[PDB]
Every structure is written in C-alpha cells, then in structure tokens.
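Peer 1: Before I ask anything, let me first share the structure, which is written out below as structure tokens.
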Amino acid sequence: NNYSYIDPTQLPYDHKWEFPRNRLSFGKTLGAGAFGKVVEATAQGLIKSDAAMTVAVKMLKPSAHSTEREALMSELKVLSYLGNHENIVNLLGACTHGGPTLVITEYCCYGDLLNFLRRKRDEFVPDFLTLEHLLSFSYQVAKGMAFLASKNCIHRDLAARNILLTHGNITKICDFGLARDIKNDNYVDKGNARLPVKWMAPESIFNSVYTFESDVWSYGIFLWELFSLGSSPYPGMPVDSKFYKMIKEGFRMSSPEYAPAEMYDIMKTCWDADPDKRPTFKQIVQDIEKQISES
C-alpha cells in the first residue's frame, strides 16, 4: 500500500502554535467537567507583542493519566490540520514545553447559545432576539459543520450548548474533544462515558457508530433547540426503555412554535431513520441560503 490516508493525529506537533507559558494570566473559570476546565485568560503578546488579548485556555484535571494527556495533544493536532474558520472556536496557540498542556483558543464573550436563548426567551420577538437571528444562527452552524465535513471530520456532540456566541452575533462551534477524522473509515466508539442520548442518532445509540449522517441528526435536534428558544428536547420523555422504543419505531418531535415550515422540513430530513436519506451539511447550507434571500 503505497497510498495512504494521512492521520492528522500521527503528524508531529507544529511549534508555530507554541506560546510562552509565563505570558498567560488565568482569570475566572468558564466551565469544568470530567475533562478538566476551560478558563478565561489574558495572552500577553499573542497576536501583537505589546497587546494583551483575552483568550480561552483548555486544560486537564491535575490527576489526568498518560492516556488522557495524549488525547489533548491529538485534539491540538486535529485543530491544527482543520484550519481556521469563522464559525468554529479557532485554535490560537498552545503551551507544550514540559508542563501541563494548555490549548489557547478564541474567546466568545456571550457564552453558549443554549443559555443565551433562555435568557432572551422572555423578550423574544418574531437588543431583541428576532426570527432573523435564529435563521442566521442555523445558517452559521450549517457552514461550520459543512467545513468540518469537508475535512472528513465529525463533531459527535453537536448541540446548542456547544455553540458559542461572540461579537456581531457570530456563532462558533466549540468542544472538539470527540472530533474524529474518519477518512480511512465510519467511527465505532468503544469506551465508558455518559452520552447525550436525546441528541444521538439511533444507529449511534444501538450500534455506537458515528458518521457524517449522525452529525446531521444532531444538527436537526439543534434546530429544534434553536426555534423552541432553548427548550429541552423531547419534553416529558425521560431517557428510558420507552424512549428508545419510540425513537426506534419512528417517533419524532413536532414542529416548534417559531420554526418556519422550510426549517422544520430540514429537521424531518435530518431525523430520517435511513442515514443516506438525510441531507448533507452542504445541502443544508444551500437550503438555508435560499430561505434567507426571501425576506
């Protein structure tokens, strides 16, 4: 086999991202979890030498084993191979010299899109959250995911909680810890971890398989989150044996109150039990673009 798919995680770490550790001043903790924590920080001399820059720094728990350390370097290498895009939390640097690996990414001041919709829900109108912002959010997330799919990458945890918002109502997909390049192929996950069942495609729940089409299913659930203004999916349906039975038999959520028919038509195709009948993110983008032109 003289031809091979290049594994981005097998490539060496590019030290063009290396940033001096002593030039980071940590601030308030933005979020924590089983992985570790993401803290807001000031990068002194990151872009401009004498200009401090507010950034986000992802780090592991101090008790992380050797396998947990090598996983954070892989995500760094994946983000390096992915490249920059406006609709993803882009990589800005890294601290890799003989210490706890620090991943420096872009900072999004308005937080996650899920909590943003919930505080602006009471003041929603068809400084106000409008329908035009929801269509713009759906459009930007479709573009970021189309950029990921164009690089043969799956996110595997697409949800409104993982969409960040910054200045200018720009949405960026974040959290690439489970992002996988599946060029060889498409990805069967084997591990012990809590899973977001209500966002997962049926094949992911029953066979633990993840593809471009499973990301499309999650995007449809994200659209329901967006046009229901941050409500939990499948309200009144706990994750139990009856939930799996209904999902398998074809139960789907009805249209949210503020979703246009064309947008709900996208959700239904995203929720097709046949993965090959679901649209691609490239198709979703061209569909939303035709909708936005009509104002």
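Identifiers in the structure tokens: chain A, B, ... in order shown; residue index from 1 per chain; ligand index from 1 in order shown.
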Residue A:72: which residues within 9 Å, counting only C-alpha atoms, same-chain residues fewer than 3 positions away excluded, as a list in words?
Peer 2: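 Those residues are residues 59, 60, 68, 69, 75, 76, 77, 101, 102, 103 and 177 of chain A.
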Peer 1: Can you check which parts of stretch 76-150 of chain A lie within 10 Å of stretch 258-263 of chain A? Per residue, the shortest pair of atoms and distance in Å to one decimal, counting only C-alpha atoms, sorted by chain and number, as CSV.
Peer 2:
```
residue,atom,partner,partner_atom,distance
A:125,CA,A:258,CA,9.9
A:126,CA,A:258,CA,7.8
A:131,CA,A:258,CA,7.7
A:134,CA,A:259,CA,9.0
A:135,CA,A:263,CA,8.7
A:138,CA,A:263,CA,9.0
```
Peer 1: With only C-alpha atoms as the counted atoms, please give the residues lying no more than 10 Å from stretch 229-245 of chain A, apart from itself and same-chain residues fewer than 5 positions off, as an NGL selection string.
Peer 2: :A and (113-122 or 124 or 129 or 134 or 160-161 or 196-199 or 202 or 205-206 or 221-224 or 250-254 or 256-259)
Peer 1: For the structure I just gave you, how does DSSP split stretch 36-273 of chain A - specifically, which residues are strand (DSSP E or B)? Reply as an MDAnalysis selection string.
Peer 2: chainID A and resid 36:44 52:60 88 91:95 102:105 112 153:154 163:165 171:173 180:181 187:188 209:210
Peer 1: Fewer than 2 positions away in the same chain doesn't count, so skip those; otherwise give me all residues within 12 Å of residue A:25, counting only C-alpha atoms, as a PyMOL selection string.
Peer 2: chain A and resi 20-23+27-28+39-45+52-57+104
Peer 1: May I have the residues within 8 Å of residue A:85 as a ChimeraX atom specification, using only C-alpha atoms and disregarding those fewer than 2 positions away in the same chain?
Peer 2: /A:83,87-88,90,144,147
Peer 1: Using only N, CA, C and O atoms, please write the residues we just selected to a file, as a short mmCIF file (atom, residue, chain, number, x, y, z; two decimals), in the first residue's frame.
Peer 2:
```cif
data_model
loop_
_atom_site.label_atom_id
_atom_site.label_comp_id
_atom_site.auth_asym_id
_atom_site.auth_seq_id
_atom_site.Cartn_x
_atom_site.Cartn_y
_atom_site.Cartn_z
N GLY A 83 -7.65 23.80 10.33
CA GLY A 83 -7.53 25.15 9.82
C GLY A 83 -8.55 26.09 10.42
O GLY A 83 -9.43 25.71 11.20
N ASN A 87 -16.77 30.10 11.82
CA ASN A 87 -17.85 29.52 12.61
C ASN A 87 -17.38 28.39 13.52
O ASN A 87 -18.19 27.55 13.92
N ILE A 88 -16.09 28.34 13.84
CA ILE A 88 -15.57 27.43 14.86
C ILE A 88 -14.67 28.23 15.79
O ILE A 88 -14.07 29.24 15.40
N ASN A 90 -11.58 28.92 16.93
CA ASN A 90 -10.32 28.59 16.28
C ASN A 90 -9.19 28.48 17.28
O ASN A 90 -9.19 29.12 18.34
N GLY A 144 -20.27 25.95 9.55
CA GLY A 144 -19.19 25.38 10.33
C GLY A 144 -19.14 23.87 10.24
O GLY A 144 -18.06 23.28 10.15
N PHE A 147 -17.89 22.86 6.84
CA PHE A 147 -16.43 22.97 6.82
C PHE A 147 -15.79 21.76 7.49
O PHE A 147 -14.77 21.25 7.02
#
```
Peer 1: Per DSSP on the backbone, filter stretch 51-278 of chain A down to the residues in alpha helix (DSSP H) and report them as an NGL selection string.
Peer 2: :A and (66-82 or 113-119 or 131-150 or 202-207 or 212-227 or 241-249 or 261-270)
Peer 1: To one decimal in Å, tell me the separation between atom CA of residue A:218 and atom CA of residue A:155.
Peer 2: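 According to the coordinates, atom CA of residue A:218 and atom CA of residue A:155 are separated by 9.7 Å.
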Peer 1: Would you work out the distance separating atom CA of residue A:164 from atom CA of residue A:187, expressed in Å to one decimal?
Peer 2: 25.9 Å
Peer 1: Pick the closest to residue A:255 from A:188, A:220, A:281, A:181: which is it, counting only C-alpha atoms?
Peer 2: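 Among A:188, A:220, A:281, A:181, it is A:220 that comes nearest to residue A:255.
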Peer 1: Residues at most 12 Å from residue A:13, counting only C-alpha atoms, excluding those fewer than 4 positions away in the same chain, as an NGL selection string?
Peer 2: :A and (8-9 or 17-18 or 70 or 72-81 or 93-97)
Peer 1: Those same residues - N, CA and C atoms - I'd like them written as a PDB file, in the first residue's frame.
Peer 2:
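Listed below is the output, again_2.pdb:
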```
ATOM      1  N   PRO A   8      -4.084  12.966  10.850  1.00  0.00           N
ATOM      2  CA  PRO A   8      -3.623  14.233  11.450  1.00  0.00           C
ATOM      3  C   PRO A   8      -3.059  14.065  12.847  1.00  0.00           C
ATOM      4  N   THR A   9      -3.528  13.068  13.601  1.00  0.00           N
ATOM      5  CA  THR A   9      -3.015  12.840  14.945  1.00  0.00           C
ATOM      6  C   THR A   9      -1.661  12.144  14.945  1.00  0.00           C
ATOM      7  N   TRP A  17       2.439  27.110  16.860  1.00  0.00           N
ATOM      8  CA  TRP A  17       1.425  27.397  17.864  1.00  0.00           C
ATOM      9  C   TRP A  17       2.004  27.617  19.251  1.00  0.00           C
ATOM     10  N   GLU A  18       3.290  27.346  19.450  1.00  0.00           N
ATOM     11  CA  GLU A  18       3.864  27.419  20.785  1.00  0.00           C
ATOM     12  C   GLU A  18       3.846  28.853  21.296  1.00  0.00           C
ATOM     13  N   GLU A  70      -2.236  12.355  26.145  1.00  0.00           N
ATOM     14  CA  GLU A  70      -2.070  12.153  24.711  1.00  0.00           C
ATOM     15  C   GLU A  70      -3.332  12.485  23.926  1.00  0.00           C
ATOM     16  N   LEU A  72      -5.343  15.081  24.570  1.00  0.00           N
ATOM     17  CA  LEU A  72      -5.385  16.528  24.390  1.00  0.00           C
ATOM     18  C   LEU A  72      -4.428  16.983  23.296  1.00  0.00           C
ATOM     19  N   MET A  73      -3.305  16.283  23.123  1.00  0.00           N
ATOM     20  CA  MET A  73      -2.406  16.600  22.018  1.00  0.00           C
ATOM     21  C   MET A  73      -3.026  16.238  20.676  1.00  0.00           C
ATOM     22  N   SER A  74      -3.803  15.155  20.627  1.00  0.00           N
ATOM     23  CA  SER A  74      -4.463  14.771  19.384  1.00  0.00           C
ATOM     24  C   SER A  74      -5.459  15.836  18.945  1.00  0.00           C
ATOM     25  N   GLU A  75      -6.282  16.322  19.879  1.00  0.00           N
ATOM     26  CA  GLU A  75      -7.209  17.404  19.560  1.00  0.00           C
ATOM     27  C   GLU A  75      -6.464  18.638  19.069  1.00  0.00           C
ATOM     28  N   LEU A  76      -5.318  18.937  19.683  1.00  0.00           N
ATOM     29  CA  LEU A  76      -4.478  20.030  19.207  1.00  0.00           C
ATOM     30  C   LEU A  76      -4.033  19.790  17.770  1.00  0.00           C
ATOM     31  N   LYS A  77      -3.619  18.559  17.457  1.00  0.00           N
ATOM     32  CA  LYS A  77      -3.197  18.238  16.098  1.00  0.00           C
ATOM     33  C   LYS A  77      -4.374  18.260  15.131  1.00  0.00           C
ATOM     34  N   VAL A  78      -5.547  17.805  15.578  1.00  0.00           N
ATOM     35  CA  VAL A  78      -6.734  17.844  14.727  1.00  0.00           C
ATOM     36  C   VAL A  78      -7.106  19.286  14.410  1.00  0.00           C
ATOM     37  N   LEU A  79      -7.143  20.138  15.438  1.00  0.00           N
ATOM     38  CA  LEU A  79      -7.423  21.553  15.221  1.00  0.00           C
ATOM     39  C   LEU A  79      -6.381  22.198  14.320  1.00  0.00           C
ATOM     40  N   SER A  80      -5.126  21.752  14.411  1.00  0.00           N
ATOM     41  CA  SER A  80      -4.084  22.293  13.545  1.00  0.00           C
ATOM     42  C   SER A  80      -4.314  21.894  12.092  1.00  0.00           C
ATOM     43  N   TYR A  81      -4.688  20.635  11.855  1.00  0.00           N
ATOM     44  CA  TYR A  81      -4.960  20.185  10.494  1.00  0.00           C
ATOM     45  C   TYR A  81      -6.259  20.769   9.956  1.00  0.00           C
ATOM     46  N   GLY A  93      -3.137  29.044  19.979  1.00  0.00           N
ATOM     47  CA  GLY A  93      -1.799  28.708  20.426  1.00  0.00           C
ATOM     48  C   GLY A  93      -1.838  27.526  21.366  1.00  0.00           C
ATOM     49  N   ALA A  94      -0.662  27.191  21.893  1.00  0.00           N
ATOM     50  CA  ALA A  94      -0.541  26.068  22.810  1.00  0.00           C
ATOM     51  C   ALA A  94       0.711  26.237  23.657  1.00  0.00           C
ATOM     52  N   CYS A  95       0.661  25.683  24.866  1.00  0.00           N
ATOM     53  CA  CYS A  95       1.801  25.636  25.780  1.00  0.00           C
ATOM     54  C   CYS A  95       2.142  24.165  25.989  1.00  0.00           C
ATOM     55  N   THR A  96       3.172  23.683  25.293  1.00  0.00           N
ATOM     56  CA  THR A  96       3.506  22.267  25.304  1.00  0.00           C
ATOM     57  C   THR A  96       4.856  21.947  25.928  1.00  0.00           C
ATOM     58  N   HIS A  97       5.658  22.947  26.283  1.00  0.00           N
ATOM     59  CA  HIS A  97       7.007  22.699  26.781  1.00  0.00           C
ATOM     60  C   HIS A  97       6.944  22.186  28.215  1.00  0.00           C
TER      61      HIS A  97
END
```
Peer 1: Point out the residue among A:192, A:49, A:280, A:295 with the least atom-to-atom distance to residue A:143, counting only C-alpha atoms.
Peer 2: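 Closest to residue A:143, using only C-alpha atoms: A:280.
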